Amino acid sequence: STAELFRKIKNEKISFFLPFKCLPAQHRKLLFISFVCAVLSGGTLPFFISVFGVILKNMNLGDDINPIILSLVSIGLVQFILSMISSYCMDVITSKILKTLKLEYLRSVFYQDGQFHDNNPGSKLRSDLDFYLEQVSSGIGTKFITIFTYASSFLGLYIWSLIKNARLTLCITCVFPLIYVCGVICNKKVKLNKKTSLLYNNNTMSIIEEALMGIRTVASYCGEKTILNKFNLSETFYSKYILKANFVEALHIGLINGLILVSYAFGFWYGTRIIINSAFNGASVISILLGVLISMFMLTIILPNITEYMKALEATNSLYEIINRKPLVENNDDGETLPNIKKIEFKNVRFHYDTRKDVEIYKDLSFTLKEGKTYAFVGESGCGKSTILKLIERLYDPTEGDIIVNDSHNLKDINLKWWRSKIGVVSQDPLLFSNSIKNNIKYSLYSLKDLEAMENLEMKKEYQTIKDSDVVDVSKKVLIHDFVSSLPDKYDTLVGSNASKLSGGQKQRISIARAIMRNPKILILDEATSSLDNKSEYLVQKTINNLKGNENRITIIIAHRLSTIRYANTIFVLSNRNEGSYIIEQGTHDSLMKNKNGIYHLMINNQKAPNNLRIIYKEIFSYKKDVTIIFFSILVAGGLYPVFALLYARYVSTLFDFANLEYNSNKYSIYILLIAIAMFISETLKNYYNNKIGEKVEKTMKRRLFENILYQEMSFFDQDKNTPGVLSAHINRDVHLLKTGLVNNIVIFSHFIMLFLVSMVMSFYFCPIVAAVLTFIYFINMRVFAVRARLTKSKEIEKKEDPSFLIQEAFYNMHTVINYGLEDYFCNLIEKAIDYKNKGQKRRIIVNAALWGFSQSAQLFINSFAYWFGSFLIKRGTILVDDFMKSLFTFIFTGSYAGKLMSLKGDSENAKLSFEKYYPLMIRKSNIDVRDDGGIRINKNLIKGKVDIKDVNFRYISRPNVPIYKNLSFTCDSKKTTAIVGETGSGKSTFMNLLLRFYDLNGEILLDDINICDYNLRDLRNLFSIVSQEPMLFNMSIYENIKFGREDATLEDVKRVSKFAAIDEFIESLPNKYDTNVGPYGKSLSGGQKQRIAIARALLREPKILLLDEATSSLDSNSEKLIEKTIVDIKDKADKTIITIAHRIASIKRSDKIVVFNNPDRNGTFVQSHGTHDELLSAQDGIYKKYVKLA
């Protein structure tokens, strides 16, 4: 709320007046104008409310009102004008500040040091900027001056009502404290239960994610059902607590709709008693009630605007710190430049980042780049080459060394404004702008001409000094003068989005020409020939080293292939061989290629639709008890709210008759009390069963989705649009939308129609003539002159919206503007912004102000016309008074209330749309379903364990081009061991999946001379047991992860089977031994324990067939040895058939059969040899002898 943000802002002085300190004086007193022109509109209602009683007294007594009407329209006109002025006066100021913030932010971005640009890269900033620039725009516009109006109205109403009789108003307004009290008492009991409801939802989230990730360790142990119990038990507490919340959330509504209809009654009952004891007519009573009651409605609409303005404050203060960040490499324009360029000299340069403050890079970087010669660099990927490039340019700084140039000038005194003036950087990819081919090349001199008028502002016209003659010969030099003539519009042709039309080679030629036109001196080439041959490169280099100024210049190349560096003057090759880098090899090619047989020797040696929703409605129309109650409550509310109008009316007419005034008050206040008591119960029992119906639809759709996603097959999960992230996003969000949207917006339509029928009926009956006119007016107002609709439609368009293009092509081509060209854009966005401000802005703002003044001065004219027409028809004898008074207030009150509750709807369309996205998922057939019971029944006794394969041809459907298996055929023995070896990464872990029916077939698999597809696969998966490479443990206790699948097992069995695994020493060394709740995915344990837990999990089932895989691949020291002990312990017992995947010769030689795989040609694997078993260790040529001597 506001009471917390106010305390937060008080104790550091975040100013209330912060956005209003970047403004001229021609914008500092339009604010004052718009201020005083919004207090004068805070006196309209204290006048209408003051005459609203006198009109009624003057109509039902036999006199005229025309002098009062003419005193009531002029104020409407001046309200219209004074409301038309302020919108115009404010939107200009909004545009001004919204411009200045941007035009400082772009600047403060363009002076960063490069240390930042790696931290805050590009597209984030423009994705942030706009966000802030729609928090300050939509909170300082017209809805900042709708606060003094309402406060003025409050003050006027209250003080006027108090000066008249200061004992009635106090006793009317002493009921409202009991509203704030109830609010603060109920918010507590809402939050206390809502936080626990949130607590018991993340558990379900974690269950769903952790069970959809590891689906194949769930179907292999047949554990579909022992997750559904956790899901359906952690879903009920959520329901009961959130319904406890909704109950209190609905009771408040009824109580607040009730106490007002007691304030009215007590006010009238005390009013009729101050009259008699005194006799102050009966006209200064009808107005006090409306005054005191409408005084507090203002306090229910002021608060959101203050929250939005505080939001704008904290948004701006999140932006005036970026602008005032120190770049620490600033351009002070005080560097004493050099006459010429010579002798770059490193001296022991060491560098560390700001984040990784101790991950050192360099050790002994020290050399000198003499003038006049060439150089080169060849090394590893990132051992410190690119930083040297970025340090010649001086983006970063030396931390310990110094780069004193020409033995007379330090780098931190050389002008950065001048140093970049003589450096040409040909990067890997060309950075070409998207205007033309001539302007890209003419973007070189826009920085050097500016270094001529400063020392002598003239930035506009001097750029014409760039003649179009140098382009000709500099194009001739780079061998591009031919193709430029081949296409029409030679220099005027325009390239597409970042040069996406022509060939890459020619674009890089243009980039090279851009580099060369300025007569660069330190020419830093970097991976220029990643696509082309070395012909153009060598010709260009011949042009460079023969260019005027070759006597003292320093060219640098950083490339990979050694052919470009066939000739050189010095070649620095470096290597960090970890904690520091240094140079390993120096000297020319002649004195290095033969002298040492080092790394460079190796390098030169090597390279040189309607149904879907009637489902929902059929579900909703089955709760025959909780449906009728809502119907009766709707009828009661809609039928007994309008009656208050024509009870108020009857009460007015019996107040201007001193006779029989006591009895009438006694009879008409009690009825109001009863109406309030009924309205309380009606609203309470209406707004509670809405949510009670909403919950059950959710928690009977979620159950179906999840319970029909688990039992699907594996091809479902191997597709691209079937991902856990997208499936865990439906279940919560869109089902919550089915709760809110549909079965909130049905009730609103029902209640609205029930009001609108009865009101129009029993208002057209008393006085037919007035209702036709009033309906005509409201129809032609709300459906033809719809003001707010046109006001939001004409606003979202310009909110969506060439300055929206220059910005995008600058944060992508940032590197070049840092190299050269800065204020050609800092003073180009202003122009293309201002040329599009005025021409559209003036029309839009002079229209959208007239479309806001008429919205604040429309009901007044309607009411005035209504009372005039009523007083006109009466003085010719057509109609009486009571009929008019009963036919008008119905429209008034019913329209207000209907407009109130109608603004509670939710997203009804997207919820009817997403339902059609996920409806096929709760109905999709699986076709490999474990719930079936078809096939031959099998007992565990008669299993001999003889796996057999005859022929296999497998290909993943996700990528049907890479066949992996061709004609696999072998046999495994019964109660024996059978190892496997072959080419590493040959897809050996697919045999297993085919054996457990994750993929059907072409090929054949057998078991005891019977096919696999005739077994009733519930039992088929109930005897195998795999030990995957990486295990997976759930977020339950350690006692339960072992009982996964098998619910019936005591605790001593766990101790027994843990004794085998050699894990009952760590568990019996810690409190909460067999109740130690591990974390998600078992991330609270060590790898040497997780796999032993898995092995204990696989040995409890008494598996008749075992399937291992490299039990000790990458484990620690002790648990490795313990695991090998377990493996060699189990394998000694000739009880169960075992199929290992081993590559350790100590275990191979014990095996009874060995099978070799190979992939000669990349189309399929097959069996090279069958049953070597170490007796065929060397009998013919084979790979078994290789893999047993290679390992």
# chains A, B, ... in the order shown; residues from 1 in each chain; ligands from 1
$ select_by_dssp --residues "segment 732-976 of chain A" --states "strand (DSSP E)" --output "MDAnalysis selection string"
chainID A and resid 947:954 965:966 970:971
$ write_last_selection --atoms "N, CA and C atoms" --output "PDB file, in the first residue's frame"
ATOM      1  N   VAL A 947      17.828 -64.373 -23.747  1.00  0.00           N
ATOM      2  CA  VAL A 947      17.564 -63.281 -24.676  1.00  0.00           C
ATOM      3  C   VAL A 947      18.167 -63.630 -26.029  1.00  0.00           C
ATOM      4  N   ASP A 948      17.413 -63.373 -27.097  1.00  0.00           N
ATOM      5  CA  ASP A 948      17.803 -63.747 -28.449  1.00  0.00           C
ATOM      6  C   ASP A 948      17.379 -62.668 -29.432  1.00  0.00           C
ATOM      7  N   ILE A 949      18.242 -62.407 -30.411  1.00  0.00           N
ATOM      8  CA  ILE A 949      17.968 -61.459 -31.487  1.00  0.00           C
ATOM      9  C   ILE A 949      18.383 -62.107 -32.800  1.00  0.00           C
ATOM     10  N   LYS A 950      17.594 -61.873 -33.850  1.00  0.00           N
ATOM     11  CA  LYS A 950      17.789 -62.498 -35.151  1.00  0.00           C
ATOM     12  C   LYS A 950      18.128 -61.485 -36.238  1.00  0.00           C
ATOM     13  N   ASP A 951      17.509 -60.307 -36.200  1.00  0.00           N
ATOM     14  CA  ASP A 951      17.718 -59.293 -37.225  1.00  0.00           C
ATOM     15  C   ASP A 951      17.114 -57.987 -36.730  1.00  0.00           C
ATOM     16  N   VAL A 952      17.829 -56.885 -36.955  1.00  0.00           N
ATOM     17  CA  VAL A 952      17.434 -55.575 -36.448  1.00  0.00           C
ATOM     18  C   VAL A 952      17.766 -54.515 -37.487  1.00  0.00           C
ATOM     19  N   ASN A 953      16.856 -53.559 -37.663  1.00  0.00           N
ATOM     20  CA  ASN A 953      17.057 -52.399 -38.529  1.00  0.00           C
ATOM     21  C   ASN A 953      16.345 -51.222 -37.870  1.00  0.00           C
ATOM     22  N   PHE A 954      17.112 -50.361 -37.202  1.00  0.00           N
ATOM     23  CA  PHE A 954      16.571 -49.287 -36.383  1.00  0.00           C
ATOM     24  C   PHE A 954      17.048 -47.934 -36.890  1.00  0.00           C
ATOM     25  N   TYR A 965      21.706 -49.522 -36.674  1.00  0.00           N
ATOM     26  CA  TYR A 965      21.774 -50.975 -36.597  1.00  0.00           C
ATOM     27  C   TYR A 965      21.429 -51.576 -37.949  1.00  0.00           C
ATOM     28  N   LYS A 966      22.210 -52.572 -38.359  1.00  0.00           N
ATOM     29  CA  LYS A 966      21.938 -53.355 -39.559  1.00  0.00           C
ATOM     30  C   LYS A 966      22.311 -54.803 -39.280  1.00  0.00           C
ATOM     31  N   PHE A 970      22.620 -62.205 -32.368  1.00  0.00           N
ATOM     32  CA  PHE A 970      23.406 -62.971 -31.415  1.00  0.00           C
ATOM     33  C   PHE A 970      22.464 -63.527 -30.356  1.00  0.00           C
ATOM     34  N   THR A 971      23.039 -64.234 -29.386  1.00  0.00           N
ATOM     35  CA  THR A 971      22.281 -64.890 -28.331  1.00  0.00           C
ATOM     36  C   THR A 971      23.048 -64.808 -27.022  1.00  0.00           C
TER      37      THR A 971
END
$ residues_around --residues "residue 661 of chain A" --least-positions-apart "4" --cutoff "10 Å" --atoms "only C-alpha atoms" --output "ChimeraX atom specification"
/A:272-273,276,654-657,665-666
$ write_last_selection --atoms "N, CA, C and O atoms" --output "short mmCIF file (atom, residue, chain, number, x, y, z; two decimals), in the first residue's frame"
data_model
loop_
_atom_site.label_atom_id
_atom_site.label_comp_id
_atom_site.auth_asym_id
_atom_site.auth_seq_id
_atom_site.Cartn_x
_atom_site.Cartn_y
_atom_site.Cartn_z
N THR A 272 -35.76 13.45 10.45
CA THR A 272 -37.17 13.69 10.74
C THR A 272 -37.44 14.04 12.20
O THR A 272 -38.55 14.48 12.51
N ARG A 273 -36.46 13.86 13.09
CA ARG A 273 -36.63 14.17 14.50
C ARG A 273 -36.00 15.50 14.89
O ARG A 273 -36.44 16.11 15.86
N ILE A 276 -38.99 18.20 13.90
CA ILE A 276 -40.15 18.37 14.77
C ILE A 276 -39.77 19.12 16.04
O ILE A 276 -40.49 20.02 16.48
N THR A 654 -43.19 12.24 1.06
CA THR A 654 -43.81 12.25 2.38
C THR A 654 -42.96 12.96 3.41
O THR A 654 -43.11 12.70 4.61
N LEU A 655 -42.08 13.86 2.97
CA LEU A 655 -41.23 14.64 3.85
C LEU A 655 -41.56 16.13 3.79
O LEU A 655 -41.08 16.90 4.64
N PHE A 656 -42.38 16.55 2.83
CA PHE A 656 -42.83 17.92 2.67
C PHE A 656 -44.30 18.04 3.06
O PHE A 656 -45.08 18.77 2.45
N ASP A 657 -44.68 17.29 4.10
CA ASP A 657 -46.05 17.29 4.60
C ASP A 657 -45.94 17.09 6.11
O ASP A 657 -45.71 15.96 6.57
N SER A 665 -42.02 7.79 8.71
CA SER A 665 -40.61 7.50 8.91
C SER A 665 -40.43 6.16 9.61
O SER A 665 -39.58 5.35 9.21
N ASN A 666 -41.24 5.91 10.65
CA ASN A 666 -41.19 4.62 11.33
C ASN A 666 -41.44 3.47 10.37
O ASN A 666 -40.87 2.38 10.53
#
$ residues_around --residues "segment 330-343 of chain A" --least-positions-apart "6" --cutoff "6 Å" --atoms "only C-alpha atoms" --output "list in words"
residues 369, 370, 371, 405, 406, 413, 414 and 415 of chain A
$ residues_around --residues "segment 674-691 of chain A" --least-positions-apart "2" --cutoff "7 Å" --atoms "only C-alpha atoms" --output "CSV table (one decimal) with C-alpha atoms, in the first residue's frame"
chain,number,residue,atom,x,y,z
A,246,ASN,CA,-12.2,-16.6,-0.6
A,247,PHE,CA,-14.9,-16.8,2.2
A,250,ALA,CA,-16.5,-12.4,-0.2
A,251,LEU,CA,-18.0,-11.5,3.3
A,254,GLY,CA,-21.6,-8.0,1.5
A,255,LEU,CA,-20.9,-6.2,4.7
A,257,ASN,CA,-23.0,-3.3,0.6
A,258,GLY,CA,-25.0,-3.6,3.8
A,261,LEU,CA,-28.2,1.0,3.6
A,262,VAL,CA,-28.1,1.5,7.4
A,626,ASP,CA,-24.5,-25.3,-5.5
A,630,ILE,CA,-26.6,-18.7,-6.9
A,633,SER,CA,-29.3,-15.0,-4.8
A,636,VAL,CA,-33.0,-11.5,-4.9
A,637,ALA,CA,-30.2,-9.0,-5.4
A,670,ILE,CA,-37.5,-0.5,8.9
A,671,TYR,CA,-38.0,-1.6,5.3
A,672,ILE,CA,-34.6,-0.2,4.4
A,693,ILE,CA,-17.5,-24.1,-8.6
A,694,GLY,CA,-14.3,-22.8,-10.1
A,695,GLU,CA,-12.0,-24.9,-8.0
$ select_by_dssp --residues "segment 1061-1104 of chain A" --states "alpha helix (DSSP H)" --output "NGL selection string"
:A and (1061 or 1087-1099)
$ closest_atom_pairs --of "segment 808-925 of chain A" --to "segment 509-529 of chain A" --cutoff "12 Å" --atoms "only C-alpha atoms" --output "CSV"
residue,atom,partner,partner_atom,distance
A:816,CA,A:515,CA,10.8
A:819,CA,A:515,CA,10.9
A:820,CA,A:515,CA,10.8
$ residues_around --residues "residue 504 of chain A" --least-positions-apart "3" --cutoff "9 Å" --atoms "only C-alpha atoms" --output "ChimeraX atom specification"
/A:429-430,499-500,507-509,531-532
$ write_last_selection --atoms "N, CA and C atoms" --output "compact mmCIF listing (two decimals), in the first residue's frame"
# COMPACT_ATOMS: atom_id res chain seq x y z
N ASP A 429 33.86 -10.06 -39.28
CA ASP A 429 32.66 -9.80 -40.06
C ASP A 429 32.59 -8.32 -40.44
N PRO A 430 32.14 -7.95 -41.65
CA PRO A 430 32.05 -6.53 -41.98
C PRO A 430 30.86 -5.88 -41.30
N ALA A 499 23.29 -5.08 -44.79
CA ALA A 499 24.04 -5.59 -45.94
C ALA A 499 23.78 -7.08 -46.17
N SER A 500 22.52 -7.38 -46.51
CA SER A 500 22.05 -8.74 -46.72
C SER A 500 21.56 -8.96 -48.15
N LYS A 507 31.39 -7.36 -49.83
CA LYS A 507 31.13 -6.55 -48.64
C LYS A 507 32.40 -6.39 -47.81
N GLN A 508 33.19 -7.45 -47.68
CA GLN A 508 34.45 -7.32 -46.96
C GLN A 508 35.44 -6.45 -47.73
N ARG A 509 35.39 -6.48 -49.06
CA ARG A 509 36.20 -5.55 -49.84
C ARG A 509 35.81 -4.10 -49.54
N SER A 531 36.68 -16.41 -45.66
CA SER A 531 35.87 -16.97 -46.74
C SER A 531 36.59 -16.96 -48.08
N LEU A 532 37.36 -15.90 -48.35
CA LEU A 532 37.98 -15.70 -49.65
C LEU A 532 39.36 -16.37 -49.68
$ closest_atom_pairs --of "segment 595-659 of chain A" --to "segment 739-743 of chain A" --cutoff "10 Å" --atoms "only C-alpha atoms" --output "tab-separated table"
residue	atom	partner	partner_atom	distance
A:616	CA	A:742	CA	9.7
A:617	CA	A:743	CA	9.9
A:620	CA	A:743	CA	9.2
$ write_last_selection --atoms "C-alpha atoms" --output "short mmCIF file (atom, residue, chain, number, x, y, z; two decimals), in the first residue's frame"
data_model
loop_
_atom_site.label_atom_id
_atom_site.label_comp_id
_atom_site.auth_asym_id
_atom_site.auth_seq_id
_atom_site.Cartn_x
_atom_site.Cartn_y
_atom_site.Cartn_z
CA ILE A 616 -17.13 -27.88 -19.65
CA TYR A 617 -20.78 -26.84 -19.41
CA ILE A 620 -20.69 -27.44 -14.55
#
$ closest_residue --among "A:1185, A:751, A:7, A:721" --to "residue 901 of chain A" --atoms "only C-alpha atoms"
A:751
$ closest_atom_pairs --of "segment 23-96 of chain A" --to "segment 879-884 of chain A" --cutoff "12 Å" --atoms "only C-alpha atoms" --output "Markdown table"
| residue | atom | partner | partner_atom | distance |
| --- | --- | --- | --- | --- |
| A:56 | CA | A:881 | CA | 9.5 |
| A:57 | CA | A:881 | CA | 10.9 |
| A:58 | CA | A:881 | CA | 11.1 |
| A:59 | CA | A:881 | CA | 7.5 |
| A:60 | CA | A:881 | CA | 6.3 |
| A:61 | CA | A:881 | CA | 9.7 |
| A:62 | CA | A:881 | CA | 10.4 |
$ residues_around --residues "residue 611 of chain A" --least-positions-apart "2" --cutoff "12 Å" --atoms "only C-alpha atoms" --output "JSON list (two decimals) with N, CA and C atoms, in the first residue's frame"
[["chain", "number", "residue", "atom", "x", "y", "z"],
["A", 609, "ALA", "N", -14.91, -27.57, -32.08],
["A", 609, "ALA", "CA", -14.85, -26.23, -31.49],
["A", 609, "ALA", "C", -15.99, -25.97, -30.51],
["A", 613, "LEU", "N", -16.31, -26.90, -25.50],
["A", 613, "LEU", "CA", -16.80, -26.14, -24.36],
["A", 613, "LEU", "C", -18.08, -26.71, -23.77],
["A", 614, "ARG", "N", -18.92, -27.37, -24.56],
["A", 614, "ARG", "CA", -20.06, -28.03, -23.95],
["A", 614, "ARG", "C", -19.63, -29.19, -23.07],
["A", 615, "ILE", "N", -18.42, -29.72, -23.27],
["A", 615, "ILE", "CA", -17.83, -30.59, -22.25],
["A", 615, "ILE", "C", -17.79, -29.87, -20.90],
["A", 616, "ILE", "N", -17.25, -28.64, -20.89],
["A", 616, "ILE", "CA", -17.13, -27.88, -19.65],
["A", 616, "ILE", "C", -18.51, -27.58, -19.08],
["A", 617, "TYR", "N", -19.46, -27.20, -19.93],
["A", 617, "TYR", "CA", -20.78, -26.84, -19.41],
["A", 617, "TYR", "C", -21.51, -28.07, -18.87],
["A", 618, "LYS", "N", -21.32, -29.23, -19.50],
["A", 618, "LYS", "CA", -21.84, -30.47, -18.95],
["A", 618, "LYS", "C", -21.24, -30.77, -17.59],
["A", 912, "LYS", "N", -10.78, -19.65, -23.86],
["A", 912, "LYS", "CA", -11.49, -20.46, -24.83],
["A", 912, "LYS", "C", -10.61, -20.88, -26.00],
["A", 915, "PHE", "N", -7.73, -23.80, -24.44],
["A", 915, "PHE", "CA", -8.44, -25.05, -24.22],
["A", 915, "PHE", "C", -8.43, -25.92, -25.46],
["A", 916, "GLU", "N", -8.48, -25.31, -26.64],
["A", 916, "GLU", "CA", -8.38, -26.06, -27.88],
["A", 916, "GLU", "C", -6.95, -26.46, -28.20],
["A", 919, "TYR", "N", -6.72, -29.56, -25.37],
["A", 919, "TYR", "CA", -7.76, -30.58, -25.28],
["A", 919, "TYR", "C", -7.37, -31.89, -25.95]]
